[PDB]
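See below for structure_4.pdb, which holds PDB, C-alpha atoms and all ligand atoms.
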ATOM      1  CA  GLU E  16       0.932 -30.407-229.449  1.00  0.00           C
ATOM      2  CA  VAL E  17      -0.797 -33.837-229.807  1.00  0.00           C
ATOM      3  CA  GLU E  18       1.374 -36.551-231.470  1.00  0.00           C
ATOM      4  CA  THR E  19      -0.433 -39.480-233.247  1.00  0.00           C
ATOM      5  CA  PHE E  20       1.328 -42.864-233.657  1.00  0.00           C
ATOM      6  CA  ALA E  21       0.390 -46.094-235.455  1.00  0.00           C
ATOM      7  CA  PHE E  22       0.390 -49.278-233.308  1.00  0.00           C
ATOM      8  CA  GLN E  23       2.548 -52.081-234.748  1.00  0.00           C
ATOM      9  CA  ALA E  24       0.288 -54.570-236.704  1.00  0.00           C
ATOM     10  CA  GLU E  25       0.502 -57.296-233.929  1.00  0.00           C
ATOM     11  CA  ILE E  26      -0.763 -54.832-231.185  1.00  0.00           C
ATOM     12  CA  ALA E  27      -3.586 -53.565-233.469  1.00  0.00           C
ATOM     13  CA  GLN E  28      -4.481 -57.306-234.110  1.00  0.00           C
ATOM     14  CA  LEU E  29      -4.401 -58.012-230.281  1.00  0.00           C
ATOM     15  CA  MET E  30      -6.650 -54.940-229.575  1.00  0.00           C
ATOM     16  CA  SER E  31      -9.180 -56.003-232.300  1.00  0.00           C
ATOM     17  CA  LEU E  32      -9.311 -59.585-230.766  1.00  0.00           C
ATOM     18  CA  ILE E  33      -9.899 -58.211-227.157  1.00  0.00           C
ATOM     19  CA  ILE E  34     -12.666 -55.765-228.338  1.00  0.00           C
ATOM     20  CA  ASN E  35     -14.554 -58.216-230.676  1.00  0.00           C
ATOM     21  CA  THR E  36     -14.095 -61.858-229.239  1.00  0.00           C
ATOM     22  CA  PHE E  37     -17.067 -63.190-227.176  1.00  0.00           C
ATOM     23  CA  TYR E  38     -15.655 -63.591-223.627  1.00  0.00           C
ATOM     24  CA  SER E  39     -17.891 -63.222-220.504  1.00  0.00           C
ATOM     25  CA  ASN E  40     -15.115 -63.286-217.792  1.00  0.00           C
ATOM     26  CA  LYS E  41     -14.289 -59.540-218.427  1.00  0.00           C
ATOM     27  CA  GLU E  42     -13.662 -58.861-214.631  1.00  0.00           C
ATOM     28  CA  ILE E  43      -9.980 -60.082-215.046  1.00  0.00           C
ATOM     29  CA  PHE E  44      -9.154 -56.542-216.513  1.00  0.00           C
ATOM     30  CA  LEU E  45      -9.028 -55.200-212.879  1.00  0.00           C
ATOM     31  CA  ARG E  46      -6.462 -57.789-211.636  1.00  0.00           C
ATOM     32  CA  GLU E  47      -4.213 -56.948-214.682  1.00  0.00           C
ATOM     33  CA  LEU E  48      -4.337 -53.162-213.900  1.00  0.00           C
ATOM     34  CA  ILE E  49      -3.728 -53.770-210.138  1.00  0.00           C
ATOM     35  CA  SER E  50      -0.762 -56.181-211.023  1.00  0.00           C
ATOM     36  CA  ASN E  51       0.897 -53.481-213.275  1.00  0.00           C
ATOM     37  CA  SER E  52       0.341 -50.920-210.437  1.00  0.00           C
ATOM     38  CA  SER E  53       1.860 -53.398-207.870  1.00  0.00           C
ATOM     39  CA  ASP E  54       4.964 -54.015-210.118  1.00  0.00           C
ATOM     40  CA  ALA E  55       5.405 -50.196-210.630  1.00  0.00           C
ATOM     41  CA  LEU E  56       5.208 -49.723-206.805  1.00  0.00           C
ATOM     42  CA  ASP E  57       7.757 -52.606-206.250  1.00  0.00           C
ATOM     43  CA  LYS E  58      10.191 -50.869-208.713  1.00  0.00           C
ATOM     44  CA  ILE E  59      10.086 -47.398-207.027  1.00  0.00           C
ATOM     45  CA  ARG E  60      10.275 -49.094-203.510  1.00  0.00           C
ATOM     46  CA  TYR E  61      13.432 -51.107-204.608  1.00  0.00           C
ATOM     47  CA  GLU E  62      15.122 -48.020-206.262  1.00  0.00           C
ATOM     48  CA  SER E  63      14.433 -45.895-203.086  1.00  0.00           C
ATOM     49  CA  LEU E  64      16.555 -48.358-200.950  1.00  0.00           C
ATOM     50  CA  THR E  65      19.876 -47.316-202.664  1.00  0.00           C
ATOM     51  CA  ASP E  66      18.622 -43.738-203.529  1.00  0.00           C
ATOM     52  CA  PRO E  67      16.090 -42.220-200.943  1.00  0.00           C
ATOM     53  CA  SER E  68      15.738 -38.982-203.073  1.00  0.00           C
ATOM     54  CA  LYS E  69      13.609 -41.058-205.588  1.00  0.00           C
ATOM     55  CA  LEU E  70      10.735 -40.659-202.990  1.00  0.00           C
ATOM     56  CA  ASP E  71      10.932 -36.745-202.940  1.00  0.00           C
ATOM     57  CA  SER E  72       8.053 -36.911-205.534  1.00  0.00           C
ATOM     58  CA  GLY E  73       5.911 -38.795-202.913  1.00  0.00           C
ATOM     59  CA  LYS E  74       6.577 -41.234-200.015  1.00  0.00           C
ATOM     60  CA  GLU E  75       3.096 -42.932-200.024  1.00  0.00           C
ATOM     61  CA  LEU E  76       3.023 -46.278-201.944  1.00  0.00           C
ATOM     62  CA  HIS E  77      -0.635 -47.027-202.753  1.00  0.00           C
ATOM     63  CA  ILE E  78      -3.434 -47.936-205.239  1.00  0.00           C
ATOM     64  CA  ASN E  79      -6.707 -45.929-205.571  1.00  0.00           C
ATOM     65  CA  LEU E  80      -9.802 -47.213-207.439  1.00  0.00           C
ATOM     66  CA  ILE E  81     -12.108 -44.312-208.384  1.00  0.00           C
ATOM     67  CA  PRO E  82     -15.516 -45.023-210.071  1.00  0.00           C
ATOM     68  CA  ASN E  83     -17.491 -42.112-211.641  1.00  0.00           C
ATOM     69  CA  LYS E  84     -21.075 -42.904-212.835  1.00  0.00           C
ATOM     70  CA  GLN E  85     -21.657 -39.338-214.270  1.00  0.00           C
ATOM     71  CA  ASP E  86     -18.538 -39.590-216.582  1.00  0.00           C
ATOM     72  CA  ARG E  87     -18.908 -43.457-216.915  1.00  0.00           C
ATOM     73  CA  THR E  88     -15.203 -43.898-215.931  1.00  0.00           C
ATOM     74  CA  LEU E  89     -13.212 -46.189-213.642  1.00  0.00           C
ATOM     75  CA  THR E  90      -9.819 -44.716-212.675  1.00  0.00           C
ATOM     76  CA  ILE E  91      -6.901 -46.817-211.310  1.00  0.00           C
ATOM     77  CA  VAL E  92      -4.270 -44.549-209.664  1.00  0.00           C
ATOM     78  CA  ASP E  93      -0.897 -45.723-208.335  1.00  0.00           C
ATOM     79  CA  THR E  94       2.150 -43.923-206.866  1.00  0.00           C
ATOM     80  CA  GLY E  95       4.534 -46.337-208.666  1.00  0.00           C
ATOM     81  CA  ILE E  96       7.698 -45.588-210.722  1.00  0.00           C
ATOM     82  CA  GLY E  97       5.570 -44.262-213.666  1.00  0.00           C
ATOM     83  CA  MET E  98       6.573 -44.291-217.336  1.00  0.00           C
ATOM     84  CA  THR E  99       8.853 -42.087-219.449  1.00  0.00           C
ATOM     85  CA  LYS E 100       8.062 -40.790-223.009  1.00  0.00           C
ATOM     86  CA  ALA E 101      10.424 -43.578-224.381  1.00  0.00           C
ATOM     87  CA  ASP E 102       8.387 -46.245-222.427  1.00  0.00           C
ATOM     88  CA  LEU E 103       5.028 -44.960-223.868  1.00  0.00           C
ATOM     89  CA  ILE E 104       6.163 -44.699-227.537  1.00  0.00           C
ATOM     90  CA  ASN E 105       9.094 -47.112-228.146  1.00  0.00           C
ATOM     91  CA  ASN E 106      10.302 -49.397-225.264  1.00  0.00           C
ATOM     92  CA  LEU E 107       6.998 -51.160-224.286  1.00  0.00           C
ATOM     93  CA  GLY E 108       6.012 -51.691-227.987  1.00  0.00           C
ATOM     94  CA  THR E 109       9.012 -53.991-228.633  1.00  0.00           C
ATOM     95  CA  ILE E 110       8.099 -56.104-225.478  1.00  0.00           C
ATOM     96  CA  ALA E 111       4.350 -56.132-226.339  1.00  0.00           C
ATOM     97  CA  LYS E 112       5.035 -57.318-230.013  1.00  0.00           C
ATOM     98  CA  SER E 113       6.718 -60.622-228.874  1.00  0.00           C
ATOM     99  CA  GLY E 114       4.152 -60.901-226.012  1.00  0.00           C
ATOM    100  CA  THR E 115       1.192 -60.639-228.480  1.00  0.00           C
ATOM    101  CA  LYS E 116       2.660 -63.329-230.876  1.00  0.00           C
ATOM    102  CA  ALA E 117       3.118 -65.848-227.964  1.00  0.00           C
ATOM    103  CA  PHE E 118      -0.403 -65.004-226.520  1.00  0.00           C
ATOM    104  CA  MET E 119      -2.215 -65.314-229.908  1.00  0.00           C
ATOM    105  CA  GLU E 120      -0.238 -68.618-230.534  1.00  0.00           C
ATOM    106  CA  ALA E 121      -1.392 -69.884-227.036  1.00  0.00           C
ATOM    107  CA  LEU E 122      -5.089 -68.907-227.768  1.00  0.00           C
ATOM    108  CA  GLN E 123      -4.905 -70.945-231.081  1.00  0.00           C
ATOM    109  CA  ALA E 124      -3.532 -73.882-228.940  1.00  0.00           C
ATOM    110  CA  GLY E 125      -6.605 -73.666-226.593  1.00  0.00           C
ATOM    111  CA  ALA E 126      -5.508 -71.155-223.842  1.00  0.00           C
ATOM    112  CA  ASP E 127      -8.087 -68.597-222.615  1.00  0.00           C
ATOM    113  CA  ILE E 128      -8.134 -64.688-222.640  1.00  0.00           C
ATOM    114  CA  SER E 129      -7.638 -64.673-218.724  1.00  0.00           C
ATOM    115  CA  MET E 130      -3.990 -65.954-219.276  1.00  0.00           C
ATOM    116  CA  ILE E 131      -3.101 -62.536-221.067  1.00  0.00           C
ATOM    117  CA  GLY E 132      -0.955 -61.440-218.003  1.00  0.00           C
ATOM    118  CA  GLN E 133       1.556 -64.321-218.462  1.00  0.00           C
ATOM    119  CA  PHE E 134       2.564 -62.729-221.847  1.00  0.00           C
ATOM    120  CA  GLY E 135       3.229 -59.223-220.355  1.00  0.00           C
ATOM    121  CA  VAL E 136       0.373 -57.650-222.423  1.00  0.00           C
ATOM    122  CA  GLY E 137      -2.144 -57.656-219.485  1.00  0.00           C
ATOM    123  CA  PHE E 138      -2.604 -53.828-219.894  1.00  0.00           C
ATOM    124  CA  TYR E 139      -4.556 -54.439-223.195  1.00  0.00           C
ATOM    125  CA  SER E 140      -7.282 -56.431-221.224  1.00  0.00           C
ATOM    126  CA  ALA E 141      -8.607 -52.862-220.353  1.00  0.00           C
ATOM    127  CA  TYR E 142     -10.316 -52.978-223.857  1.00  0.00           C
ATOM    128  CA  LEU E 143     -12.556 -55.903-222.622  1.00  0.00           C
ATOM    129  CA  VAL E 144     -14.588 -53.212-220.712  1.00  0.00           C
ATOM    130  CA  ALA E 145     -13.356 -49.808-222.086  1.00  0.00           C
ATOM    131  CA  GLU E 146     -14.069 -48.094-225.444  1.00  0.00           C
ATOM    132  CA  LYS E 147     -11.228 -45.569-224.685  1.00  0.00           C
ATOM    133  CA  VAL E 148      -8.210 -45.837-222.309  1.00  0.00           C
ATOM    134  CA  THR E 149      -6.303 -42.723-221.054  1.00  0.00           C
ATOM    135  CA  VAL E 150      -2.949 -43.232-219.273  1.00  0.00           C
ATOM    136  CA  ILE E 151      -1.615 -40.173-217.326  1.00  0.00           C
ATOM    137  CA  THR E 152       1.918 -40.938-216.134  1.00  0.00           C
ATOM    138  CA  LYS E 153       4.809 -39.247-214.304  1.00  0.00           C
ATOM    139  CA  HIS E 154       8.294 -40.795-213.946  1.00  0.00           C
ATOM    140  CA  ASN E 155      11.051 -39.017-211.869  1.00  0.00           C
ATOM    141  CA  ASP E 156      13.403 -38.584-214.886  1.00  0.00           C
ATOM    142  CA  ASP E 157      10.663 -37.171-217.233  1.00  0.00           C
ATOM    143  CA  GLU E 158       7.591 -34.835-217.647  1.00  0.00           C
ATOM    144  CA  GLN E 159       3.862 -35.695-217.109  1.00  0.00           C
ATOM    145  CA  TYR E 160       2.357 -37.347-220.252  1.00  0.00           C
ATOM    146  CA  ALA E 161      -1.115 -38.412-221.418  1.00  0.00           C
ATOM    147  CA  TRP E 162      -1.265 -41.580-223.618  1.00  0.00           C
ATOM    148  CA  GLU E 163      -4.686 -42.294-225.215  1.00  0.00           C
ATOM    149  CA  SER E 164      -6.354 -44.820-227.590  1.00  0.00           C
ATOM    150  CA  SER E 165      -9.889 -45.860-228.682  1.00  0.00           C
ATOM    151  CA  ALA E 166      -8.050 -48.613-230.681  1.00  0.00           C
ATOM    152  CA  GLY E 167      -8.637 -48.296-234.499  1.00  0.00           C
ATOM    153  CA  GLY E 168      -4.856 -48.786-235.047  1.00  0.00           C
ATOM    154  CA  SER E 169      -3.609 -45.536-233.448  1.00  0.00           C
ATOM    155  CA  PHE E 170      -2.635 -43.849-230.152  1.00  0.00           C
ATOM    156  CA  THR E 171      -1.807 -40.295-229.055  1.00  0.00           C
ATOM    157  CA  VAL E 172       0.868 -38.910-226.696  1.00  0.00           C
ATOM    158  CA  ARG E 173       0.762 -35.319-225.330  1.00  0.00           C
ATOM    159  CA  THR E 174       2.406 -33.415-222.415  1.00  0.00           C
ATOM    160  CA  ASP E 175      -0.283 -33.320-219.665  1.00  0.00           C
ATOM    161  CA  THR E 176      -1.404 -29.805-218.507  1.00  0.00           C
ATOM    162  CA  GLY E 177      -3.867 -31.189-215.870  1.00  0.00           C
ATOM    163  CA  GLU E 178      -3.426 -31.679-212.072  1.00  0.00           C
ATOM    164  CA  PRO E 179       0.306 -32.613-211.284  1.00  0.00           C
ATOM    165  CA  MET E 180       0.599 -36.197-209.916  1.00  0.00           C
ATOM    166  CA  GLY E 181       4.051 -36.020-208.280  1.00  0.00           C
ATOM    167  CA  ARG E 182       4.939 -39.590-209.485  1.00  0.00           C
ATOM    168  CA  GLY E 183       2.913 -42.579-210.721  1.00  0.00           C
ATOM    169  CA  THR E 184       0.232 -43.667-213.209  1.00  0.00           C
ATOM    170  CA  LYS E 185      -3.551 -42.922-213.628  1.00  0.00           C
ATOM    171  CA  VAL E 186      -5.484 -45.307-215.955  1.00  0.00           C
ATOM    172  CA  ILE E 187      -8.845 -43.805-216.983  1.00  0.00           C
ATOM    173  CA  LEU E 188     -11.202 -46.424-218.421  1.00  0.00           C
ATOM    174  CA  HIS E 189     -13.999 -44.822-220.484  1.00  0.00           C
ATOM    175  CA  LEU E 190     -16.345 -47.818-220.072  1.00  0.00           C
ATOM    176  CA  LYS E 191     -18.482 -49.417-222.821  1.00  0.00           C
ATOM    177  CA  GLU E 192     -22.280 -48.686-222.378  1.00  0.00           C
ATOM    178  CA  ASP E 193     -23.053 -52.327-221.249  1.00  0.00           C
ATOM    179  CA  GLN E 194     -20.038 -52.500-218.795  1.00  0.00           C
ATOM    180  CA  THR E 195     -21.361 -50.026-216.070  1.00  0.00           C
ATOM    181  CA  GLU E 196     -21.361 -52.925-213.449  1.00  0.00           C
ATOM    182  CA  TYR E 197     -17.619 -52.084-212.852  1.00  0.00           C
ATOM    183  CA  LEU E 198     -18.783 -48.652-211.399  1.00  0.00           C
ATOM    184  CA  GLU E 199     -20.760 -50.444-208.581  1.00  0.00           C
ATOM    185  CA  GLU E 200     -18.998 -50.477-205.146  1.00  0.00           C
ATOM    186  CA  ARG E 201     -20.145 -54.086-204.333  1.00  0.00           C
ATOM    187  CA  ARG E 202     -18.907 -55.375-207.760  1.00  0.00           C
ATOM    188  CA  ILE E 203     -15.394 -53.745-207.466  1.00  0.00           C
ATOM    189  CA  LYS E 204     -15.040 -55.082-203.800  1.00  0.00           C
ATOM    190  CA  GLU E 205     -15.983 -58.642-204.986  1.00  0.00           C
ATOM    191  CA  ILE E 206     -13.350 -58.547-207.880  1.00  0.00           C
ATOM    192  CA  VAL E 207     -10.566 -57.157-205.567  1.00  0.00           C
ATOM    193  CA  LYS E 208     -11.355 -59.891-202.915  1.00  0.00           C
ATOM    194  CA  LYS E 209     -11.370 -62.686-205.616  1.00  0.00           C
ATOM    195  CA  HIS E 210      -8.256 -61.721-207.671  1.00  0.00           C
ATOM    196  CA  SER E 211      -6.146 -59.107-205.779  1.00  0.00           C
ATOM    197  CA  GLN E 212      -6.568 -59.858-201.977  1.00  0.00           C
ATOM    198  CA  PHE E 213      -2.766 -60.412-201.404  1.00  0.00           C
ATOM    199  CA  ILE E 214      -1.412 -57.210-203.149  1.00  0.00           C
ATOM    200  CA  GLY E 215       1.284 -55.796-200.780  1.00  0.00           C
ATOM    201  CA  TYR E 216       0.005 -52.158-201.056  1.00  0.00           C
ATOM    202  CA  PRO E 217      -3.189 -50.481-199.690  1.00  0.00           C
ATOM    203  CA  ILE E 218      -6.030 -50.594-202.238  1.00  0.00           C
ATOM    204  CA  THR E 219      -8.590 -47.842-201.466  1.00  0.00           C
ATOM    205  CA  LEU E 220     -11.934 -48.115-203.235  1.00  0.00           C
ATOM    206  CA  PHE E 221     -13.381 -44.603-203.436  1.00  0.00           C
ATOM    207  CA  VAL E 222     -17.145 -44.190-203.082  1.00  0.00           C
ATOM    208  CA  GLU E 223     -19.410 -41.734-204.984  1.00  0.00           C
TER     209      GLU E 223
HETATM  210  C1  LIG O 301       3.208 -53.684-222.079  1.00  0.00           C
HETATM  211  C2  LIG O 301       2.703 -52.496-221.308  1.00  0.00           C
HETATM  212  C3  LIG O 301       2.079 -51.332-221.908  1.00  0.00           C
HETATM  213  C4  LIG O 301       1.771 -50.455-220.888  1.00  0.00           C
HETATM  214  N1  LIG O 301       2.168 -51.037-219.698  1.00  0.00           N
HETATM  215  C5  LIG O 301       2.733 -52.266-219.955  1.00  0.00           C
HETATM  216  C6  LIG O 301       3.290 -53.208-218.929  1.00  0.00           C
HETATM  217  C7  LIG O 301       4.484 -52.657-218.159  1.00  0.00           C
HETATM  218  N2  LIG O 301       4.341 -51.274-217.692  1.00  0.00           N
HETATM  219  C8  LIG O 301       5.536 -50.514-217.358  1.00  0.00           C
HETATM  220  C9  LIG O 301       6.937 -50.745-217.782  1.00  0.00           C
HETATM  221  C10 LIG O 301       7.754 -51.806-217.751  1.00  0.00           C
HETATM  222  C11 LIG O 301       8.986 -51.380-218.240  1.00  0.00           C
HETATM  223  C12 LIG O 301       8.851 -50.098-218.537  1.00  0.00           C
HETATM  224  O1  LIG O 301       7.598 -49.671-218.275  1.00  0.00           O
HETATM  225  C13 LIG O 301       3.078 -50.626-217.405  1.00  0.00           C
HETATM  226  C14 LIG O 301       2.903 -50.045-216.147  1.00  0.00           C
HETATM  227  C15 LIG O 301       1.714 -49.401-215.797  1.00  0.00           C
HETATM  228  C16 LIG O 301       1.644 -48.776-214.437  1.00  0.00           C
HETATM  229  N3  LIG O 301       0.507 -48.864-213.764  1.00  0.00           N
HETATM  230  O2  LIG O 301       2.644 -48.202-213.979  1.00  0.00           O
HETATM  231  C17 LIG O 301       0.684 -49.370-216.740  1.00  0.00           C
HETATM  232 CL1  LIG O 301      -0.800 -48.534-216.442  1.00  0.00          CL
HETATM  233  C18 LIG O 301       0.826 -49.954-217.982  1.00  0.00           C
HETATM  234  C19 LIG O 301       2.031 -50.552-218.351  1.00  0.00           C
HETATM  235  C20 LIG O 301       1.152 -49.098-221.051  1.00  0.00           C
HETATM  236  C21 LIG O 301       1.274 -48.498-222.456  1.00  0.00           C
HETATM  237  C22 LIG O 301       0.262 -47.367-222.609  1.00  0.00           C
HETATM  238  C23 LIG O 301       2.679 -47.924-222.667  1.00  0.00           C
HETATM  239  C24 LIG O 301       0.987 -49.598-223.490  1.00  0.00           C
HETATM  240  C25 LIG O 301       1.718 -50.908-223.286  1.00  0.00           C
HETATM  241  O3  LIG O 301       2.026 -51.571-224.267  1.00  0.00           O
END
Translate the structure of the given file into structure tokens.
Amino acid sequence: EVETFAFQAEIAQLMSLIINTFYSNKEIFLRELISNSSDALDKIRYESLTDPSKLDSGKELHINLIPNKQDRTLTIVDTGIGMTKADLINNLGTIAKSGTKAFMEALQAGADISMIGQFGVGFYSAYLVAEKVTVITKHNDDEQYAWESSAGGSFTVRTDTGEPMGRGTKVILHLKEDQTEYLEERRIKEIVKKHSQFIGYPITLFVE
């Protein structure tokens, strides 16, 4: 069963702004994805200190960057804490609503799109380069879910039947036709070196 949900007006407004505003410094999407992955890894690492059984779903704490030219997709995989069904549908929406208002107020005041991360809505920068974003996630206390949106005011949530992840999050970016540069090995390496060189987890860039 595939469940369809409407984004709250502010999120839909944020998504429309990211997709249609003229902004050339699109590369910042990768640092935002890597930062969310890093925070998710920090959370599971901290929780494992008081409860070691939280690592039974996987001991390895890492980030994988997987480009695919045939499918025109860039996948960001982490072995972080993951997200529950409540996180995907309710919990993060509330946070993102206030985050959007403050960000859109800051943009009106002269701030730029690269500052999106400071408002906790950095995830939505994925729409600078992607026409569709798929989020496969597995949290210890819940099942494996697939969140998906091509914007247009709606998102879907379904129980994932694909390859079991153990624990973590997979962000599949179905890239826009003119954004294929983010599939090039030399381009990804350059972005990682410039914006994410001090991330405290191994970042493995897969080759084709
Ligand atoms: C905000 C936001 C949002 C999403 N993420 C965030 C930022 C915080 N966070 C997790 C969190 C904090 C508290 C509870 O859960 C995320 C972690 C990851 C990750 N790599 O583990 C990823 Cl891909 C996206 C998100 C994803 C969404 C599809 C649910 C939409 C959204 O609105």
Kindly resolve the PyMOL selection byres (((chain E and resi 218) around 9) and not hetatm) on the present coordinates and return the residues as a PyMOL selection string.
-> chain E and resi 49+77-80+207+214+216-217+219-220
Gap from atom CA of residue 208 of chain E to atom CA of residue 45 of chain E - Å, one decimal | 11.3 Å
Go through E:42, E:16, E:66, E:193 one by one, measure the shortest atom-to-atom distance of each to residue 173 of chain E using only C-alpha atoms, and give the residue with the smallest value.
->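 For residue 173 of chain E, the nearest of the candidates is E:16.
Between residue 212 of chain E and the residues E:36, E:174, E:68, E:50, the shortest atom-to-atom distance, using all atoms listed in the file, involves E:50.
Residue selection for this entry, given the PyMOL selection byres (((chain E and resi 23) around 10) and not hetatm), comprises residues 20, 21, 22, 24, 25, 26, 27, 28, 108, 109, 111, 112, 168 and 169 of chain E.
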Please, which residues have at least one atom within 7 Å of an atom of ligand LIG 301 (chain O), using only C-alpha atoms and all ligand atoms, listed as a VMD selection string?
-> chain E and resid 48 51 to 52 55 93 95 to 98 102 to 104 106 to 108 110 to 111 135 to 136 138 150 162 183 to 186
What lies within 9 Å of residue 141 of chain E using all atoms listed in the file, ignoring chain neighbours under 3 positions off, as a PyMOL selection string?
-> chain E and resi 33+41+44-45+47-48+137-138+144-148+188
The PyMOL selection byres (((chain E and resi 123-129) around 9) and not hetatm) applied to the shown file, residues as a list in words =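 Checking the PyMOL selection byres (((chain E and resi 123-129) around 9) and not hetatm) against this file, the residues are residues 33, 38, 40, 41, 43, 44, 118, 119, 120, 121, 122, 130, 131, 132, 137 and 140 of chain E.
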Would you mind reading off the distance between atom CA of residue 209 of chain E and atom CA of residue 197 of chain E, one decimal, in Å?
->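 For atom CA of residue 209 of chain E relative to atom CA of residue 197 of chain E, the distance reads 14.3 Å.
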Nearby residues, (-8.4, -48.8, -230.3) file frame, 6 Å, all atoms listed in the file, as JSON, numbers by chain = {"E": [164, 165, 166, 167, 168]}
